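Taking the form deposited without this ligand, here's one chain by itself in structure tokens.
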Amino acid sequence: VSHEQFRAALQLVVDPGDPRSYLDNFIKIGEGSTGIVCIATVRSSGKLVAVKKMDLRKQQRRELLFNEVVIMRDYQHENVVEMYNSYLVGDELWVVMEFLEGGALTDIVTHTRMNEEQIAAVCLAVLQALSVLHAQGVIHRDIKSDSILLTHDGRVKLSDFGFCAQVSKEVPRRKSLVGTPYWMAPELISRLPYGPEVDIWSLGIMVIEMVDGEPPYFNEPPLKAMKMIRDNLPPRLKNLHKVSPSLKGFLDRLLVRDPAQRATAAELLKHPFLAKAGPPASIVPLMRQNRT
């Protein structure tokens, strides 16, 4: 538990130096579960990068910060935000990463209606990421609209890996209570050993976000919502009359209480609903800079 002991460990795995030596004009754009996010300008080029800053002292579980380094070093992908370099800056871990200038999906689902071509495009992109992550043993454990970032051209990428975990033949299940209340899988809230299926449940909840604008039981306090996820039947859309039977059938393979019966990322990529998926250009008009 020594802060300065943990600073020393982090120092051995991160890149040397201080990125303020080549970055200008830090501006805070977001706040996450483990820290804040800034936009910065690369002095030499004028390009923009993102900088996640995470205070070692504010972490509940300091050792999860290594997830940021583990993902950066070994699991890059088309639909995963790219991480360039990590630094120890005083008491903070800084990750210089790709700037997803179109913002988070949350700003879209809370201010406009997505049609199913856009929803299917989001789901397809997120499922391509998860099928590759799951195949290599990596569980995200914090899937929600806040964790889905967009390019200005509508490309969709997975972000915020600060809570992920690895499984393998020697460690086939995780047991940690991790995630965001309204999005957590039932077996996770039940403290059962779980695997990649919890990401599939969380994506189902995010589908409900895109249809309803908010996850189920969002008006209830977080602990009450978790008990209702644990004990009640799968949460239903508030607007079932507004989803095509194709979308409802997709969602039904997602929000299955028995994780053995839940569809996997690999299976879901074959579902007919994803044939509705539009190109990234179809997400562009949803973003704040382009809405009315």
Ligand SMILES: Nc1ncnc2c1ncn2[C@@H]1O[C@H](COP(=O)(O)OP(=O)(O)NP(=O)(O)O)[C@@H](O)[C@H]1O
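Residues that one form lacks are left out of the comparison. Note that residue numbering follows the sequence shown and begins at 1. Rigid core here is just the name for the largest C-alpha set that superposes within 1.5 Å across the two forms.
The same protein also has a form deposited with this ligand bound, omitted here; what follows describes it.
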Decide open versus blocked for this chain after superposing the C-alphas round the site and placing this ligand the way it sits in the deposited bound form; the blocked call needs 3+ ligand atoms within 2.4 Å of backbone or C-beta. blocked
Select from the listed residues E116, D146, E197, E187 the one whose heavy atoms reach within 4.5 Å of this ligand in the deposited bound form. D146
Work out which of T264, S33, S244, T41 lies within 4.5 Å of this ligand in the deposited bound form, going by heavy atoms. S33
Of these, 118 to 126, 92 to 100, 187 to 195, 167 to 175, which stretch puts a heavy atom within 4.5 angstroms of this ligand in the deposited bound form? 92 to 100
Answer for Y182 alone: is it within 4.5 Å of this ligand in the deposited bound form, judged on heavy atom distances? no
Check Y87 for me: does it contact this ligand in the deposited bound form (non-hydrogen atoms, 4.5 angstroms)? no
Does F218 reach this ligand in the deposited bound form if we count a contact as any heavy atom within 4.5 Å? no
Distance check, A104 to this ligand in the deposited bound form, heavy atom within 4.5 Å: yes
Taking only residues present in both forms and a 2 angstroms threshold on CA movement, what segments of three or more in a row shift between the shown form and the other one once the core is aligned? 1 to 6, 238 to 242
